[PDB]
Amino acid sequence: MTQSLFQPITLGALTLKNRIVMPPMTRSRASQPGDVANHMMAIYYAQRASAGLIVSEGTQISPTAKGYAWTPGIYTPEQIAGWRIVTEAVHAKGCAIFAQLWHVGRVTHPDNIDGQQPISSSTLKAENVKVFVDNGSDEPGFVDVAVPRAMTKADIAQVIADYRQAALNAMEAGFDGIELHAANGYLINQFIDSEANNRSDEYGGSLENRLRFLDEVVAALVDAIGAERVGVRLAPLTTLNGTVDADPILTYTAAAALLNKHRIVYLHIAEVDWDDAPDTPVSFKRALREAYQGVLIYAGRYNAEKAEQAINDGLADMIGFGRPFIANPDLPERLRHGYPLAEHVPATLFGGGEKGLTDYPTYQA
């Protein structure tokens, strides 16, 4: 009945109001030119501040880390300032907010990264994957991804430096912490999953090698802003964006244990990606619960009953609700009272302005 869902929880040096998380959700509303977070985004997040924790939509750490049109960056002074408007608005409402540091790797198109070729662990193209670009109109233009080039040792050092600085930038922008996007087939995931990584150097070939990039990026993030302000997102079983691992139970239980050693403040599991909702064995969830002992967050087709059950069964500490939060700014209140939930409009998920972003009303009987 959601009693545990409405219990507070400590997240590092922060105390959160409840166990509900607004998971990271790209809305591609950043101001142009410059991909700058803005007023409408600040209103959007502030409207949803009754969440215990808000994780921002993916925000690219550099010009070549972007995969979709109009997503907000976190590497220029104006971008940091734009995010500051957002964090000030959210904090005024009393809520913690983490910035999801993003590098899409091979999941992009040259049009989104200044005509450059995408980078990845290897030269493997993401099969049957599309992103969208700006095509001289305010409507997302979907295109097939491009074949990436394999990252060199120099590229690795550069990306780690970009992640490190992005974390500092997030703190300068007023965020309470950062979430490393190492899920949903993006750059780090392209190193983790065996079938997306055919490197013959120390970053591929063995489980230890496949987790090396994650290890080094997290080490840098923790060094920059503290483990209490670093969360990481993983996608053990979904494969929608083209990353598949041969032995995910081993790979991800190991990853969870590795992240536990870093003492990151939370581990966020993306259990469903759109309609890719693979069976995720309770036995596996319990193994993750032992491998990682910080705050464990799950997101993916949860409703009030399943969320409460997951917490009461000792599988999760917090639960994220994505699509429902898009259409219900007061999702927590609705879940607590059992008020009916509005449904979101797919057509307005990406691009455009306030319509389909800030005009979903709060519940009114």
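All residue numbers refer to positions in the sequence shown, first residue = 1.
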item: Check: residue 136 without coordinates in a third or more of other entries; value: yes
item: Stretch exceeding the other in mean C-alpha B-factor - 250 to 258, 138 to 146; value: 138 to 146
item: Residue stretch of maximal mean CA temperature factor, 312 to 320 vs 33 to 41; value: 33 to 41
item: Per the PDB entry, maximal CA B factor within 80, 235, 159, 104; value: 159
item: Residue selected from 294, 231, 174, 110 by maximal Cα B factor; value: 110
item: For residue 132, the third of its chain into which the C-alpha B factor falls; value: highest
item: CA B-factor ranking of residue 155, expressed as a third of its chain; value: highest
item: Third of the chain's Cα B-factor distribution that residue 125 belongs to, per the entry; value: highest
item: Chain-relative CA temperature factor third for residue 179; value: lowest
item: Chain-wide C-alpha B factor ranking for residue 364, given as lowest, middle or highest third; value: highest
